[PDB]
Structures are given as structure tokens and as C-alpha cells.
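Please note: Cβ atoms are built from the backbone with ideal geometry, for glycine as well, and neighbour counts cover all protein chains shown. Basis: the model, the stated rules and, where named, an outside source; none is laboratory data.
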Amino acid sequence: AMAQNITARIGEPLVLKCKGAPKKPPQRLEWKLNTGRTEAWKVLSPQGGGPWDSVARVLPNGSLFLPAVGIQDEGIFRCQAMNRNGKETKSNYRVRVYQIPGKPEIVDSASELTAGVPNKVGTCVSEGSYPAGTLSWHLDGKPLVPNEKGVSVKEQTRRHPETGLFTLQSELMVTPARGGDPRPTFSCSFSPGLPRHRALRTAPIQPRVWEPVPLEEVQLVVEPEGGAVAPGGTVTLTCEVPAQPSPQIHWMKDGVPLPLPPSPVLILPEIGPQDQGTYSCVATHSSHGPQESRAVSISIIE
Amino acid sequence: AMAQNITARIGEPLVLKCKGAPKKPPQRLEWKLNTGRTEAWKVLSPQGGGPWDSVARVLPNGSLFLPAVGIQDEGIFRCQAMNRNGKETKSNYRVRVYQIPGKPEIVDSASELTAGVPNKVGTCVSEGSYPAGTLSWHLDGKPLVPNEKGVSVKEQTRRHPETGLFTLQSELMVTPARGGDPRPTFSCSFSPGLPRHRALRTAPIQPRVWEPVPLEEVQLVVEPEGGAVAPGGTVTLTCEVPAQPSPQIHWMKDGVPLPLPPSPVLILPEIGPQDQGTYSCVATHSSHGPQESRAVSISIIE
Amino acid sequence: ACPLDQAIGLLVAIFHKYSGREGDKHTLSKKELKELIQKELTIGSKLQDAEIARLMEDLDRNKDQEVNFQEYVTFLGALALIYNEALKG
Amino acid sequence: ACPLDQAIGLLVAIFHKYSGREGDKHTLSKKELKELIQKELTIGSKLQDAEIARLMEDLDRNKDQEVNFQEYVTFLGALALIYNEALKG
Ligand SMILES: [Ca+2]
Ligand SMILES: [Ca+2]
Ligand SMILES: [Ca+2]
Ligand SMILES: [Ca+2]
Ligand SMILES: [Cl-]
Ligand SMILES: [Cl-]
Ligand SMILES: [Cl-]
Ligand SMILES: [Cl-]
Ligand SMILES: [Cl-]
Ligand SMILES: [Cl-]
Ligand SMILES: [Cl-]
Ligand SMILES: [Cl-]
Ligand SMILES: [Cl-]
Ligand SMILES: [Cl-]
Ligand SMILES: [Zn+2]
Ligand SMILES: [Zn+2]
Ligand SMILES: [Zn+2]
Ligand SMILES: [Zn+2]
Ligand SMILES: [Zn+2]
Ligand SMILES: [Zn+2]
Ligand SMILES: [Zn+2]
Ligand SMILES: [Zn+2]
Ligand SMILES: [Zn+2]
Ligand SMILES: [Zn+2]
Ligand SMILES: [Zn+2]
Ligand SMILES: [Zn+2]
Ligand SMILES: [Zn+2]
Ligand SMILES: [Zn+2]
């Protein structure tokens, strides 16, 4: 367009040329601007000690000088100049500013993820940006897209009135599928909205994925683990009901309750071929249907 | 002593008994105190709406009640009471207060330590304590004493005027000895100055110790690494001078310079028994004495 | 498919198989660790009770009588090179 | 003295022996890692060039073509169990 887009870094000097203006007096040029400070079209006098002389000053060559540009300096800057020949020359600038935040961080990141359930992997944080910008995630070296799979992100943006800069937060939530990557690798990046800029990337994190064994209401454990023992000796059957303080445990052999009193443990010493068969325990309870543990096969080897 | 030491938690209610005082009116008791608020001995009237009625109030039974004790409430509290019989009874309290900080943290901790030189292991931080308290370190499950070995600690204490609470920092510096623990384990603990209290301990950290190979001014590398090769083939001698941009490298066999031009590399193809011997390279330099690399023995196997 | 993923998934499963038997479900007691070593690791078959006790003591660095995943990982790291020498000759 | 301390000290030394040859002195390039595997590890003797390339690709999780100490540790962790099965039979 006619207006030239200017992109300046906050806190840095900026010079705007008044094109087609004589280097030395006499000059016939005038600056008109409209920024966040003025909230209106104002003429900027070339004389020293003006209302804005601490923020913007006209240079001897007609160029406009801002020693330390700020967010409030965003707006339109126009110079109208007559050459000495002399034809009217116009300069139209649209000034936008920016600040790059420090390297983003991942805070409160999880060392271990639990498969099958939502986990907060961590929260990416970015402080001191203008404009806001955006945070995104990477998984195993590739962009991680949200709301697919069981991957969700909670984002928020906060502006500091004290400086006008932004604080960004991105909380990553994943539900690891069973049989998946035992060590997923995540990283976070900040993408400036201005200017066009290479992303600022965090160091990667590599949480581990733990896959919990399916929890049975009635848990049976047999030593030895296999359920096979040489002739003689002993096999101990222990079974437990985690949700009950005083479980009543009745032992069964091949689907039939054994002629025994309730007991959490059943030891089978001096194992003979007659002692072979499928074993399990049944937890009974008042006002509730009984529950059975997993069935264990007990045999003998030669 | 006569004065009973009272220890109360900041922000918590406190009741001070006026011993030997009638439960019901008429009572003849008087509270006199001198705290950080008063900076003087003041009588505390039992009537409601007194100058301190928002901080301390006399109860119907004569006991003194402070709904939320503060640091400024530290001082001396005295009650003088006449029983109905009635003999004068005195109660003398010395009140000190405290606050327990949150769990201490180790911030900016090193993943890898370099043996032979000072390393900042990390900085232990404690926020929100009264009185200050102290930070100490543990190494491999045992107390780590400072300024022994090459272990040093930089400590500082800062008071927040906004609340009177303290921030503590302890920066641990160690110089791992070569041949030492490849994975030292550190932790930090906060010990309250008041009251007598179990220490607040951080999670441990286990940095690794890397032992840098001694860096030679002139570095010689031979492929194969051993310096022994079957009949025929090739052995390549490469040597480098890290501190010089354009090193002049002269090759030597058994302490005698070879009739060759300067070259960073020396390849010995078709190795025969005549090619066996001690090899090294010499980096010469103007205005400096020459430097020699390590000597490599080259042989042949059958 | 990936042999790496399977081995790593296994070492995580093995850790929790024993760590979840008593006390803290994510740390190994002396009892839990000894069962792990004797039942899952080759190096544990030849070791005697005194040797296993000495080994477990050197695995517990902060001396809380527990072995966490970190202390367990470095154990496997050492084991990898120890096994590596044995597979030479 | 402690066989654990020696093995762990060794794996740290081995990592830096190869990682400090080119580029970042504390990460393994494809070139550095391949030399490490072929010269120090038993598992690398039988592997062909295509197999080593595939292996190195699965060790580099963030795909920066480098292998850091962490990526290297989990490698040894897997190796420990892989070697462990081989030492059974
Ligand atoms: Ca446990
Ligand atoms: Ca431990
Ligand atoms: Ca490198
Ligand atoms: Ca990598
Ligand atoms: Cl994956
Ligand atoms: Cl993944
Ligand atoms: Cl019954
Ligand atoms: Cl030690
Ligand atoms: Cl140590
Ligand atoms: Cl010469
Ligand atoms: Cl765990
Ligand atoms: Cl098994
Ligand atoms: Cl490193
Ligand atoms: Cl070697
Ligand atoms: Zn703010
Ligand atoms: Zn993955
Ligand atoms: Zn830039
Ligand atoms: Zn029954
Ligand atoms: Zn403060
Ligand atoms: Zn140590
Ligand atoms: Zn307490
Ligand atoms: Zn020469
Ligand atoms: Zn693979
Ligand atoms: Zn766990
Ligand atoms: Zn197993
Ligand atoms: Zn040991
Ligand atoms: Zn390193
Ligand atoms: Zn080696």
C-alpha cells in the first residue's frame, strides 16, 4: 500500500525518514502522527522542548527520532515535505512494536505418566512478550496437535498493566494408550506474533509411562508364581480384598468350596497328585453378591 | 524461671491464663504487657473497645485472648490477681512466635559435575520462616560439612518488611576429586530456630561426575586406537593443536624428525616391519619453543 | 515391534511389579528389591544373602532403606556394562 | 573398590570419550554414536550398517540428529535387560 509497515523493537531507537526533504534549512516539512499516547492527530513541531520532546523529536535533516520506542507509540506517522525544486513528497508509516520473551520453561513436569488415564505432563510458561504470541507442543520431534487422541491443552493469556507485556501458559494433558511409547518426549515452543521470527524452544522432557496391572477386587497370589512344584514341599495361596477391612475368604478347589473355615491363607504342604487342580478364593459379604479371585492352576513336575 | 516461656504460631489464636483468678465477677485482676506494638509497659483494660481490642482482649474468666498472634506481639505478659480468699497470684509469660516455611527447594541444580574444578551443585531456597532458621546439606545420606575437602557454601538471609518473614538461600559448591563417586547424592534441609521441630527436607538430587581426560597442547590420535596392525594395510596418524589456527606439524619417528614437509596427517600404508617404531608430532611456532605430542608405539601382529 | 520400546517398557513393568507389594508403591523395600534381583536378573542367581545385602546397600544412596526408580535406573546402567564385558568372553 | 562405582564411572567416561570428538562435546553425533556402539558394545558387533542406522534413529527421540546423555542412559537401560535374557540361555 501507500503506508509502509514499520516494525520496531520495544526499548530501541527508531528513525523515520521524511523522504524528499532537504538535508539543510530552509526546509518545508511537517510531521503528523496519531499514536496511543496522543489518541488524536497531532502536529509534531520541529522546535525543541515540545510536549513530546522526551519521546519523539524532529532531527535537523527532517527525520523523526524516537530514542526508546514503546507500545503506546504504535500508530500512524506521516511526513509531508516540499523539495527545493520543489514538488510535494509524502512519507506514510504504520508503526507496530514487539518484544521477544525469555526462553520458555516447562514447570511442574511429571516424571512418570499413568497409562489409561489423563496426566498433566507439565505447564509451558512464557513471560515478557508483545504481542501475545502463541505456545505449541512437540512430541517425539514432531508437532503435537490437541484434542486428537486424548491430548488436551489448557491455555491462558495474561497482560501485565505495569508494562503491557504478556504472560502465556499452556498446560498439556495426555492419556497414554496401553502398549504405547514407554518414554514419550515432549518440548514446548513460543512463536512470536511479531516479527517473523524463529521459534523459542524449551529443552525436551522424557517422562516414562507406567502401565498399571488391572486391579482385581479379590487379589490372589501364589508362591511359587507359576503354580507348578516338584513332588512334596509346599504351595502357599494368599488372597486379599483391598476394599474390605475384615474380608471373609472361602477357598475353592475346581469351582467347589473346600470344607474349611474362612481364612485369608491356604497352605498345601506335601503336595501329591491328588492336590492338583484349579484353585481360587471367594470373598463373601453381607448384602452383597460374593466375589471370586482369579483362578490358579496348581500342578506337579518330575 | 518465674517467667513461663510461651511459643505460639503466627496467625493462630492464643490464650494466656490469669492463674488464681475467680471465674466470675467480682474479680481483682490486672494485665500488664510490653510488646513490639506498645514499645512500653501498658495496662490492658478488661473493658471492650480498648486501644488494642482488635489484637488482645480480656476474657470474662480473666484470661487474655489474642485471636491472631503476630511477630509484634512478642514480649512480656503479666497478670496480677487476687483470689476471693484471697491471696495475690501472679502469672508471668514470655511470648515468642514462629512460622514454618513451605518445603525447601533446590533450584538451578547441575545435571553433570566436572571433576577437579569447583561446581555449583545448586541453590537451596526457603521462603516464609520466622525466626530465620538455618539451611544445611546432606551427602549420600549423611550431613555435609562445609569448607572441608573442596566443599563450600554461600549463604544469605533476607527479611521481607511486608510480613517480617525470612527468605534463606544456600548455594553449594563442590570440587569432585578424580576417582570419586560417579553419582553423588545431595539433599537440603531446613531447621526451624523455633520451635523444636523435625527438619523439612528436599527431594534428593543425583548429579553425575564427568572426569575430563587431561588435555594435551598437541593432541595425537591414531587409527586404529591400539597402534598394532596386521601385515600390510594402513595406519593413519592425525595430530592437532587446539590453541593454534595454523599449526606447523612436523612428524617424528623414534625421536627423529622425518624427511617430510609440515603436515597435520601422516599415513603409513603397506606397513612392513621397517615401519615399526615410536611416532610423535612436533608443533613448531615462531617466538615459542616447540611442543611435542604423546608418543605412540606402532607395531605389527601375525 | 521396536525391540527398544519392548525392553524399556519391560524394565518399567518389572520395577512396579515388585515396588507395589508393600509400603510406598513406587519404591523398592529391601524385601521387594531382593525378590526382584533374585527372580528377574541373571546377576542375582550366583549372589549369596550377604552379597545381596551389600548390593542393596550400595543401591540406596540417600539411605532411606528404599530404592526409587532413579536409583534403579543407574543400577541397570551399571548392569549393562557389566553384562557387556561378560558377553565378550 | 565398589564394582558399581567402577561400572557407572565407566559409562560416563565412555560417553564423553566419543561425544567430545566433534560438534557439541556432550552429545553424540551419528558418527560418534556409531563408533561407540561398534567399538565398546557387544550388541554392535553383529549389527550391519543399515541396522545401526535404524538403531541410532530410535535413540534420537527429539530428532535433532544428536544423542544426549539421557537418550544414552535409556539405551543402556534397555541393553541391560536385553543382555540379561541372553545370559539365561
Ligand atoms: Ca514398595
Ligand atoms: Ca533410596
Ligand atoms: Ca559430539
Ligand atoms: Ca536427541
Ligand atoms: Cl512413539
Ligand atoms: Cl509417543
Ligand atoms: Cl464357611
Ligand atoms: Cl561416596
Ligand atoms: Cl560422594
Ligand atoms: Cl620442516
Ligand atoms: Cl515410580
Ligand atoms: Cl517373569
Ligand atoms: Cl553430558
Ligand atoms: Cl576400550
Ligand atoms: Zn505484573
Ligand atoms: Zn513416542
Ligand atoms: Zn529475531
Ligand atoms: Zn466358607
Ligand atoms: Zn517481600
Ligand atoms: Zn558418594
Ligand atoms: Zn511441628
Ligand atoms: Zn619439518
Ligand atoms: Zn526400534
Ligand atoms: Zn512409578
Ligand atoms: Zn519377570
Ligand atoms: Zn559396592
Ligand atoms: Zn557431559
Ligand atoms: Zn572402551
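May I ask you to list the residues in segment A:190-203 that are in contact with a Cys (Cβ under 9 Å, 6 or more places away or on another chain) and within 16 Å of ligand 4 (Cβ to nearest atom)?
Of everything in segment A:190-203, those that are in contact with a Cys (Cβ under 9 Å, 6 or more places away or on another chain) and within 16 Å of ligand 4 (Cβ to nearest atom) turn out to be A:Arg201, A:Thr202.
Starting from residues that are within 10 Å of ligand 20 (Cβ to nearest atom) and surrounded by fewer than 23 Cβ atoms within 10 Å (Cβ to Cβ), keep the ones in segment B:173-185 and report whichever is nearest to the chain's Cα centre (by Cα).
Start the filter on segment B:173-185 by keeping residues that are within 10 Å of ligand 20 (Cβ to nearest atom), which leaves B:176, B:180-185.
Restricting the remaining residues to those that are surrounded by fewer than 23 Cβ atoms within 10 Å (Cβ to Cβ) gives B:180-181, B:183-185.
Numbers: B:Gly180: 20, B:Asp181: 19, B:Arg183: 17, B:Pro184: 14, B:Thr185: 13 Å.
So the residue we want is B:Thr185.
For segment A:153-181, how many residues meet the condition of being out of contact with any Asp or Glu (no Cβ under 9 Å at 6 or more places or on another chain) and outside any loop (DSSP other than H, G, I, E, B)?
6
Quickly run through segment D:3-19 and pick out the residues that are more than 10 Å from chain C (Cβ to nearest Cβ) and either more than 25 Å from D:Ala50 (Cβ to Cβ) or in contact (Cβ under 8 Å) with a residue 40 or more places away in the chain (or both). Before the answer, list the steps.
So the first thing to find is which residues in segment D:3-19 are more than 10 Å from chain C (Cβ to nearest Cβ), and the list is D:13, D:15-19.
Residues satisfying the conditions are D:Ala13, D:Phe15, D:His16, D:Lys17.
For segment C:20-38, which positions are out of contact with any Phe, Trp or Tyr (no Cβ under 8 Å at 6 or more places or on another chain) and within 10 Å of another protein chain (Cβ to nearest Cβ)?
Once the filter is applied, which keeps residues that are out of contact with any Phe, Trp or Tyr (no Cβ under 8 Å at 6 or more places or on another chain) and within 10 Å of another protein chain (Cβ to nearest Cβ), segment C:20-38 yields C:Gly20, C:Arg21, C:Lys25.
Any idea which residue in segment B:29-60 is nearest to B:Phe77 (Cα to Cα), counting only those that are surrounded by 15 or more Cβ atoms within 10 Å (Cβ to Cβ) and basic (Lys, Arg)?
B:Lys42
For the subset of segment D:62-73 comprising residues that are within 18 Å of A:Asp140 (Cβ to Cβ) and touching a strand residue (DSSP E or B) at 6+ places or on another chain (Cβ under 9 Å), which member is nearest to the other protein chains (Cβ to nearest Cβ)? Write out each step before concluding.
To start, the set of residues in segment D:62-73 that are within 18 Å of A:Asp140 (Cβ to Cβ) comprises D:62-68, D:70-73.
Adding the requirement that they be touching a strand residue (DSSP E or B) at 6+ places or on another chain (Cβ under 9 Å) leaves D:62-63, D:66-68, D:71-72.
Values: D:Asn62: 5, D:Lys63: 3, D:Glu66: 11, D:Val67: 12, D:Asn68: 9, D:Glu71: 8, D:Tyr72: 9 Å.
Among them, the one singled out is D:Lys63.
Pick from segment C:45-61 the residues that are buried (at least 16 other Cβ atoms within 10 Å of the Cβ) and at the interface with another protein chain (Cβ under 10 Å from one of its Cβ atoms): which of them is nearest to D:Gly89 (Cα to Cα)? Please lay out each step first, then the result.
In the first step, residues of segment C:45-61 are kept if they are buried (at least 16 other Cβ atoms within 10 Å of the Cβ); the result is C:47, C:52, C:55-56, C:59-61.
Going one step further and asking which of them are at the interface with another protein chain (Cβ under 10 Å from one of its Cβ atoms), we end up with C:55, C:59-61.
Working: C:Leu55: 25, C:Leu59: 27, C:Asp60: 30, C:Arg61: 33 Å.
Applying the filter and picking the extreme gives C:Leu55.
Out of the strands (runs of 3 or more DSSP E) lying entirely within segment A:194-247, which hold 2 or more residues that are farther than 15 Å from A:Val265 by Cα and within 16 Å of ligand 27 (Cβ to nearest atom)? Before you say what the answer is, go through the steps one by one.
Working: elements: A:208-210, A:219-223, A:234-240.
Counting at least 2 such residues, we get no strands (runs of 3 or more DSSP E) at all.
Under 7 Å by Cβ, and 6 or more places apart or on different chains, what pairs join a residue from segment A:134-148 that is over 18 Å from A:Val107 (Cα atoms) with one that is outside any loop (DSSP other than H, G, I, E, B) and of a type in the set (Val, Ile, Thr)?
Close Cβ pairs satisfying both conditions: A:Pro146/A:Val153.
Would you mind finding the one in C:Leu47, C:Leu41 that is aliphatic (A, V, I, L, M) and more than 26 Å from A:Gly179 (Cβ to Cβ)? Quick ask: steps written out before the conclusion?
Working: C:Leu41 fails: more than 26 Å from A:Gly179 (Cβ to Cβ).
Testing whether each residue is aliphatic (A, V, I, L, M) and more than 26 Å from A:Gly179 (Cβ to Cβ) leaves just C:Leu47.
Quick test of your reading of the structure: B:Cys281 fulfils all but one of (1) surrounded by 15 or more Cβ atoms within 10 Å (Cβ to Cβ); (2) assigned to a loop (DSSP other than H, G, I, E, B). Name the failing condition by number.
Condition not satisfied by B:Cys281: (2).
Name the single residue, out of those in segment B:103-123 being touching an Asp or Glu at 6+ places or on another chain (Cβ under 7 Å) and in contact (Cβ under 8 Å) with a residue 60 or more places away in the chain, that is nearest to ligand 19 (Cβ to nearest atom). First the steps, then the outcome.
Taking segment B:103-123 first, the residues touching an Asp or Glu at 6+ places or on another chain (Cβ under 7 Å) are B:115, B:120, B:122-123.
Now restrict to residues that are in contact (Cβ under 8 Å) with a residue 60 or more places away in the chain: B:115, B:122.
Values: B:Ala115: 39, B:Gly122: 23 Å.
The qualifying residue nearest to ligand 19 (Cβ to nearest atom) is B:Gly122.
Can you name the condition, by its number, that A:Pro143 falls short on among (1) assigned by CATH to the domain that holds A:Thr284; (2) under 25 Å from D:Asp64 (Cα atoms)?
(1)
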